[PDB]
Each structure stands twice: as structure tokens, then as C-alpha cells.
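Novice: Quick mapping for you: the protein sequence lines, in order, are chains W and L. According to the numbering used here, the first sequence is numbered sequentially starting from -9. According to the numbering used here, the second sequence is numbered sequentially starting from 8. For each residue, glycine too, the CB sits at the ideal point set by N, CA and C. Below is one structure. I have some questions about it.
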Amino acid sequence: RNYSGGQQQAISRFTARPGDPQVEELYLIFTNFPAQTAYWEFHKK
Amino acid sequence: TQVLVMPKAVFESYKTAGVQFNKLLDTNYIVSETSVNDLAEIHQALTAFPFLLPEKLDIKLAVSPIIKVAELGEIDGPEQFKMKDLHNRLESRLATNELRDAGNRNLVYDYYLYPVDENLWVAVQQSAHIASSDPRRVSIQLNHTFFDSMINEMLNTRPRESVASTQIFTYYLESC
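Right, dumping it as C-alpha cells:
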């Protein structure tokens, strides 16, 4: 039991911002699956 | 390549009958495998194709079979006079169609692209839609899946940066 002085954990500084469901779907493909990205099937989207 | 617009009825005949699509630009083959009416309808469908193709990328619209027949009828050879007789039949059948479908007037067609080699871009003229007010904009919105099909195929050989500067690429962006 420690009230006066105990552990002080770090507080996260960044808060995630909501994004557009379509930009996130395409972006995750852009970074995770860099194979179909250099084709019209992905570029058209 | 070279775009060859044909009605759905003609395209389905070619696919069902099993006509070599590769040799539809060779006058001597298409006239043997194509009826007089089909040849006239191909001419009419070419003359009703509203879009300007990317000439800067060497993509041309096919010369109609009637013109090719007319030219061969004036060139010495062993089939010249048979080709002249074919020309006369095409003109009478074409005039007969023009007098019947003149009422069509204010409509635009959906097109479907069926690529055949790198020298032939079969463009199937499908169902008509009625469009009187700004039919240019209506045609563009209707043919979304035609524009992206053309883009997908020319990006196989042409540089992406060059295709991006075409009117076909623009039409895609305007549609969506």
C-alpha cells in the first residue's frame, strides 16, 4: 500500500484519429501486400 | 491497337459460331464469316461510337468493313467483281437499316471491351439507354466499366504516365 510515493507509469501521448474505412482498407493493402499495388486493379480503387 | 465496334448480336454470333476473332480485321476473312447485314450493322455501330480514342497512344478506331469492301472492288484481282457485288448489297442493306432505325435518335449505348491480341480491341455495343438532355454526360456515366476496361488493357503495354494524360483516363475519373 503506497499513497504518498509509488510507481508512476507513462501516459501515452498519441490518440488514434478515426479514418475513412476505404482509405484504411487500401492503405493496409498498400503496405502489407505490395504485390497487386502496381496494377490497375488496385490503382483504380 | 484498333477498336472494332460491333453489336451484341454480332459478337454473340462470333463467339457461338466460333469465328476467329484475330482475323476480323482481314477483309477476306470477315466477309466469308459475316453476313451482309452484320457487316452493315458493324459500320452503323462504328459511326455511333461517341468516344475519341487515344490517338497519341496509337489506338485507332477500325475502318468499317463497307469501306474496305468498296476499296477492294476498285483494285485489280481475281475477286474484284465479287467484292463489287458485295459492296452493292451492303449499300442497299445499310440504307434499308438507316430507314428503319432512324427513329432511334436520342439514346446512348453501353460498351463492353473484349481484347483480342494487341492489334484488335473488340467493343461490344450492348443495351441502349435513352438520353436526350446532356447525352454526353449520360454516356460517360453509363460506360464506367468500359472506360476502366480500356485503361486496364493499355496499361499492359503503354506507360502509366502516358495513359494518365488521355481522355479515356479522364472519362474514368469523371464517371467516378
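Are the C-beta of W/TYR17 and some C-beta of chain L separated by less than 9 Å?
Specialist: Not one chain L Cβ lies under 9 Å of W/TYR17.
Novice: Buried or exposed, going by whether 16 or more other CB atoms sit within 10 Å of the CB of L/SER156?
Specialist: Buried: at least 16 other Cβ atoms inside 10 Å.
Novice: Less than 9 Å between CB atoms is the rule here; does L/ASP45 satisfy it with respect to chain W?
Specialist: False, the Cβ-Cβ gap to chain W never drops below 9 Å.
Novice: Tell me whether L/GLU48 is buried or exposed, calling it buried when 16 or more other Cβ atoms sit within 10 Å of its Cβ.
Specialist: By the 10 Å Cβ count, L/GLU48 comes out buried.
Novice: For L/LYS15 versus L/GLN133, is the C-beta spacing smaller than 9 Å?
Specialist: Taking 9 Å as the Cβ cut-off, L/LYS15 and L/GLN133 qualify as a contacting pair.
Novice: Would you kindly report the start and end of the unbroken alpha helix (DSSP H) that includes L/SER39?
Specialist: Element bounds for L/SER39: 34 to 40.
Novice: Measuring from the CB of L/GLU19, is there a heavy atom of the ligand GDP at a distance below 8 Å?
Specialist: The ligand GDP is absent from the structure shown, which contains no ligands of any kind.
Novice: Output the distance between the C-alpha atoms of W/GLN(-2) and L/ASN163, rounded to the nearest integer angstrom.
Specialist: Roughly 59 Å between the two C-alpha positions.
Novice: Against W/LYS35, what residues of chain L qualify as contacts under a CB-to-CB distance less than 7 Å, listed in chain order?
Specialist: Within chain L, no residue comes near W/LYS35; the closest Cβ sits about 10 Å away, beyond 7 Å.
Novice: Which of the three DSSP states is assigned to L/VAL70 in this structure?
Specialist: In this structure, L/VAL70 counts as coil in the three-state DSSP scheme.
Novice: Tell me whether L/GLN132 sits in a helix, a strand or coil according to DSSP, three-state version.
Specialist: Note: L/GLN132 maps to strand in three-state DSSP.
Novice: Using beta carbons (cut-off 9 Å, strictly below), is W/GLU14 in contact with chain L?
Specialist: W/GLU14 does not count as touching chain L.
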